[PDB]
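# Working through the structure, step by step
Take a look at the letters that make up each chain.
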Amino acid sequence: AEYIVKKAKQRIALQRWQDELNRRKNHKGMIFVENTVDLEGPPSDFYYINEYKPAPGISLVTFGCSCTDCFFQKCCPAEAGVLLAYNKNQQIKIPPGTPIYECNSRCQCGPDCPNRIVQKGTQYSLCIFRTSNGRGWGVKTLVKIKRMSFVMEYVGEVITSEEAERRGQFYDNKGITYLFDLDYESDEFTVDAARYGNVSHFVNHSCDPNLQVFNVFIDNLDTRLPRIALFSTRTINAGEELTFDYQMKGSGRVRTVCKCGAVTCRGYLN
Ligand SMILES: C[S@@+](CC[C@H](N)C(=O)[O-])C[C@H]1O[C@@H](n2cnc3c(N)ncnc32)[C@H](O)[C@@H]1O
Ligand SMILES: [Zn+2]
Ligand SMILES: [Zn+2]
Ligand SMILES: [Zn+2]
Ligand SMILES: [Zn+2]
């Protein structure tokens, strides 16, 4: 009875939140919201952002390449001492731990350069949905995603690692999960998606995940401050939940029990 009224208002609240997410988003794919399991409405104190929101005094970002064919000429990755990340079908072909150096605002090439993938934004329609076995909100794809494909970036506030430590003291276990050290080549900065984030803010942990982190440099060449991209590790089917390994944010208190469901589940998130 109280329940029935709450369900009815919940439906309206989730619709209004979906509409707001779609106004805020700057990428091609749609964002959907669904809760067929319980009465949870939209989270409070969460603001959708498309890119890193740096703290006061933190600056994010120029030479580019001059290729007429960035796929076959000596291009931005070459200049940085690395391989081109991508094959002709937009799939990442370099191993985890290798940085992605995409072409940038200073390169001569246009949008359809095969070295401009992360920067084009998420192409897939995705749904924030309520999980059925106690893992809160999660994210699923509504369409099939090819192996080794760009899905979404991890974004949040960009703060110092010192700030994240201090913030973490007042965070519960969930809040700590929103801290993402940018430790590719430096211990200086941390992404905090707790309050400001994109759809990656709702992606759950798995012990056999279907997404994998890569560091990305576009206009930014300072390796203290990589952008973080999530690429698929395998073919992901329509309707499938997206997951990454929270322990693999980089290659560097109650223990939360892992409910990922994998046969090889490690039992705990932390
Ligand atoms: C970054 S949040 C992800 C979205 C979150 N499920 C929500 O409702 O907003 C991480 C938190 O989600 C839950 N979670 C994610 N993966 C889980 C898993 N495999 N098993 C149990 N809980 C999980 C835990 O509460 C964890 O602290
Ligand atoms: Zn080039
Ligand atoms: Zn370039
Ligand atoms: Zn290019
Ligand atoms: Zn697990």
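Residues numbered from 1 in each chain as written, not as in the entry; some residues may be left out. Chains lettered and ligands numbered in written order. Heavy atoms only, no water. Residues with missing side-chain atoms left out of burial classes, pairs and counts.

The next point concerns the overall build of the protein chain. Secondary structure summary: the protein chain contains four helices and 15 strands in total. Scaling as 2.2 N^0.38, a compact globule of 270 residues should have a C-alpha radius of gyration of about 18 Å, and the protein chain matches this with 19 Å. Expressed along its principal axes, the backbone C-alpha trace of the protein chain runs to roughly 65 × 40 × 40 Å. (Helix = DSSP H or I, 4+ residues; strand = E, 2+ residues; numbered from the N terminus. Rg over C-alpha atoms; globule rule 2.2 N^0.38 Å.)

On to the coordination of the zinc ion (ligand 5). A four-donor tetrahedral metal ideally has 109.5 degree angles, and a six-donor octahedral metal ideally has angles of 90 or 180 degrees. Distances from the zinc ion (ligand 5) to its protein donors, namely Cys207 (SG), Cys258 (SG), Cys260 (SG) and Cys265 (SG), fall within the range 2.3 to 2.4 Å. Around the zinc ion (ligand 5), the four donor atoms sit at angles spanning 106 to 113°, and that spread fits a shape best called tetrahedral. With relative accessibility at 8%, the residue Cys258 sits in the buried group. (Donors = N, O, S within 2.8 Å, 3.2 Å for Na, K, Ca; no water. Tetrahedral: all angles 85-135°; square planar, octahedral: opposite > 155°, others 65-115°. Buried < 20%, exposed > 50% of the residue type's maximum accessible area, 1.4 Å probe, protein only.)

Okay, the coordination of the zinc ion (ligand 2) next. Protein coordination at the zinc ion (ligand 2): the donors are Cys65 (SG), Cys67 (SG), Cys70 (SG) and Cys75 (SG), at 2.2 to 2.4 Å from the metal. Around the zinc ion (ligand 2) sit four donor atoms, and with donor-metal-donor angles ranging over 104 to 116° the site reads as tetrahedral. Coordination of the zinc ion (ligand 2) draws on donor residues from a single chain, spaced C-x1-C-x2-C-x4-C in sequence. For the pair the zinc ion (ligand 2) and the zinc ion (ligand 3), the metal-to-metal distance amounts to 3.7 Å, and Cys65 bridges them. You'll find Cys67 and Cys75 in the same group, each marked buried.

Here the focus is the site of ligand 1. In the neighbourhood of ligand 1, 17 residues make up the surrounding shell, with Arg135, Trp137, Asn204, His205 and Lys259 lying closest. Take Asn204: an N or O atom from its side chain is 2.9 Å from a nitrogen atom of ligand 1. Here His205 contributes a backbone N or O atom positioned 2.9 Å from a nitrogen atom of ligand 1. Against a free-state accessible area of 570 Å², the protein chains account for coverage of 90% of ligand 1. Structurally, ligand 1 is housed in the largest pocket. Counting residues per element, the ones that place at least two in the shell around ligand 1 are α4 (173-177) and β12 (204-205). Class assignment for the residues of the shell around ligand 1 results in nine nonpolar, five polar and three charged. (Near = heavy atom within 4 Å. Polar contact = N/O pair within 3.5 Å; in protein donor to acceptor, adjacent residues only side chain to side chain. Areas by Shrake-Rupley, 256 points an atom, 1.4 Å probe, with all protein chains shown as cover. 1 Å grid on protein atoms, 1.4 Å probe; cavity = no way out; pocket = protein on both sides within 12 Å on 5 of 7 lines; lining within 4 Å. Sits in = over half its atoms within 2 Å of the grid points. Nonpolar A, V, L, I, M, F, W, Y, C, P; charged D, E, K, R; others polar.)

Moving on: the pairing of strand β6 (residues 137-141). Burial runs high along β6: five of the five residues are buried. Burial along β6 is two-sided: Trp137, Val139 and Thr141 facing one way and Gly138 and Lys140 facing the other are all buried. Both strand β5 (residues 126-130) and β6 contribute to a ladder of five bridges, which runs antiparallel. When the bridges of β6 are listed, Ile128 appears paired with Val139. Hairpin geometry of β5 and β6 is characterised by an intervening segment of six residues between the two adjacent antiparallel strands and by a positive phi of about 85° at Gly134. (Pairing = 2+ DSSP bridges.)

Here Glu157 lies in strand β8 (residues 157-160). Side chain to side chain, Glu157 and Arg167 meet in a polar contact 3.0 Å long. Residues within four places of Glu157 in sequence aside, it is in contact with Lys53, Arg167, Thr190, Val191, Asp192 and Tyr196. (Contact = heavy atoms within 4.5 Å.)

Glancing now at the pattern of salt bridges. Opposite charge on two side chains makes pairing possible when the charged atoms of those side chains draw close. A complete count under the given rule lists 13 salt bridges for this structure. Here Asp38 ties to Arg130 by a salt bridge, and the two come within 2.8 Å at their closest N and O atoms. Look at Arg130 and you get buried, because its relative accessible area is 15%. Its salt-bridge partner being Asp192, residue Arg167 comes within 2.7 Å of it at the nearest N-O pair. Separated by 25 residues along the polypeptide, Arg167 in helix α3 (residues 161-169) and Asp192 in strand β10 (residues 189-192) bring together distant segments of the chain. We classify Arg167 as partly exposed; its relative accessible area is 26%. (Salt bridge = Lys/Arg side-chain N within 4 Å of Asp/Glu carboxyl O.)

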